[PDB]
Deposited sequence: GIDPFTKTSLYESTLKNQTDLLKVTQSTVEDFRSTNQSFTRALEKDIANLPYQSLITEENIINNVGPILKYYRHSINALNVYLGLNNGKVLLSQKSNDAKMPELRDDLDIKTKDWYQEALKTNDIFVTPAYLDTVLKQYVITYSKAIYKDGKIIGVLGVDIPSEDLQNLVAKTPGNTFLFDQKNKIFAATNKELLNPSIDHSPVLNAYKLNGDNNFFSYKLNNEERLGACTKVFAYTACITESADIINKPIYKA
């Protein structure tokens, strides 16, 4: 009876929408926690007197400890300050030392921090030295208008993937390239799975707009929404409305 099917459809829409929100929140809160951390670090570095910031030895001795304590406080992989001479002061998981081999002026985290007055957030990428996938938060630090260097903080992208996977619902994230990035059902991360149906249904319907689509000639229901450069989706079987 249409009345019954409408009731089930309105219920499941609300539910699935709510769960999609949870996944959206997860991504937002991950980012903002890392941003706040980075901002606080910026502030403590810029607070130092110039004298502590204007020689490399002073950077080592005065900024290094700050990098280290901050790194430990959140269990970041790397926390670092890149200088215009190409050297980096690096605090890494497993005192901080100056490194001259990290080709920083070719790195987006460095370049892009100098082109915005905000924190820059990279797509996930393979960390040069630790060979883990990371998301980097970078920020050009200025003390009274004078550039000191570019701060970077590397957080394992697995941390976000794990958070998303724990969420209720069959929710998942695509990265900026529409490749699968995280999922509650680990099987979805098969790079051979085609997601065209879901992605085409999202493109037709827009953010947070519930839709029908087919899998193996069965009916499924879902929704997606943009969250920063990610696309977050939920889908379920339409058996809840049909049977």
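Peer 1: Counting from 1 along the deposited sequence, give me every gap where there's no C-alpha, start to finish.
Peer 2: Unmodelled stretches: 1-2, 97-100, 250-254.
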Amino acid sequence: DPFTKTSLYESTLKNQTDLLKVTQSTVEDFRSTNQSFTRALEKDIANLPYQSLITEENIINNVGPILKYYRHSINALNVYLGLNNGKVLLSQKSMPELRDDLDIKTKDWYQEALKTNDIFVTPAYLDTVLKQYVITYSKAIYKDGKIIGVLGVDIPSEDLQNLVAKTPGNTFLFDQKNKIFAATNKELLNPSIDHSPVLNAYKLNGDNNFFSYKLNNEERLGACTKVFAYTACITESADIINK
From here on, numbers count along this sequence of modelled residues.
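What we label the rigid core is the largest C-alpha set whose atoms superpose within 1.5 Å from one form to the other.
Peer 1: So which moves more in 7 other deposited structures of this protein by CA, 155-163 or 125-133, given a superposition on the core?
Peer 2: Higher root mean square deviation of C-alphas in 7 other deposited structures of this protein is shown by 125-133.
Peer 1: On mean Cα temperature factor in this entry, is 157-165 or 98-106 the higher one?
Peer 2: The stretch with the larger average C-alpha B-factor is 98-106.
Peer 1: Got a sec? Mean C-alpha B-factor, which is higher, 67-75 or 129-137?
Peer 2: Between 67-75 and 129-137, it is 129-137 that shows the higher mean C-alpha B-factor.
Peer 1: Tell me, please, which of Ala183, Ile59, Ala46, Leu215 has the highest C-alpha B factor according to the deposited entry?
Peer 2: Top of the list by C-alpha B-factor: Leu215.
Peer 1: Of the choices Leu188, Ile54, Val27, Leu41, which one's C-alpha carries the largest B-factor in the record?
Peer 2: In the PDB entry, the greatest C-alpha B-factor among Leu188, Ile54, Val27, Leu41 is found at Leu188.
Peer 1: Lowest, middle or highest third: where is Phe37 by Cα B-factor in its chain?
Peer 2: Lowest third.
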